[PDB]
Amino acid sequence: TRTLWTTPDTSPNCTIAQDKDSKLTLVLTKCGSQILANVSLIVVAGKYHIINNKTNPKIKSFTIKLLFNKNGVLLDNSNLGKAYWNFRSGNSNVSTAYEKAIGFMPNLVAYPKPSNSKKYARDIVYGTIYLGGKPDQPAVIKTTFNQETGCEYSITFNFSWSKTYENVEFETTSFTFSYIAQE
């Protein structure tokens, strides 16, 4: 129960533009009050698989959202599929879907839901990853905690780039970050 993850294989588990067009590899490891997170993305098909901004000047970003209920269970309207998001067992998952993962949720006092109170930037982490592992192909991964509506907690990953990439496949290096846990 110390690690929630997508499993480390490369089987598509995420829908960005079309069904199962990407494998989001996400590992959440609970280190007490902080969750240590490691993430990467491989797009395998669809609109975001091969980026060509000469042809499509406007395709410059996309978002992957993980929505969770009060028990920390993933809601089906998340881009990530519920099928293989579970507690780890070896290189796979436990046989049964979990019913509670509140200790992996982002803290609501640190990262409040939208309200009419002042919105602070501490609920965002910025990182840079590299497409195809090439140092001159950076893309920004912006992670935001608890800013989606229709859920009790949320983790969203926005990927964007500013260079005019020509036939660059969207598959990334890995990024680590952490966040304060709800409990």
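In case it trips you up, residue 1 is the first one in the sequence shown, and so on. Take the two forms, find the largest set of C-alpha atoms that superpose within 1.5 Å, and that set is the rigid core.
Out of 114-122 and 37-45, which one drifts farther from the shown form in 8 other deposited structures of this protein in terms of CA positions, with the fit done on the rigid core? Stretch with the higher C-alpha RMS distance in 8 other deposited structures of this protein: 114-122.
Check the entry's C-alpha temperature factors for 135-143 and 48-56, then say which stretch has the higher mean. Comparing 135-143 with 48-56, the higher average CA B-factor belongs to 48-56.
Higher average CA B factor in the deposited record is what I'm after, so tell me if that's 93-101 or 73-81. The stretch with the larger mean CA B-factor is 93-101.
Largest Cα B-factor, entry values, listed residues 154, 33, 63, 38: Highest C-alpha B-factor among the listed options: 33.
By the CA temperature factor listed in this entry, which of these ranks top: 149, 29, 128, 158? Out of 149, 29, 128, 158, the record gives the largest C-alpha B-factor to 149.
Rank-wise, by C-alpha B-factor, drop residue 1 into the lowest, middle or highest third of its chain. Its C-alpha B-factor, which the entry lists for residue 1, ranks in the highest third among residues of this chain.
Using the B-factors in the PDB entry, rank residue 21's C-alpha atom against the chain and give the third, lowest, middle or highest. For residue 21, the deposited C-alpha B-factor lands in the middle third.
Taking the entry's C-alpha B-factors for this chain, is residue 11 in the lowest, middle or highest third? CA B-factor rank for residue 11: highest third.
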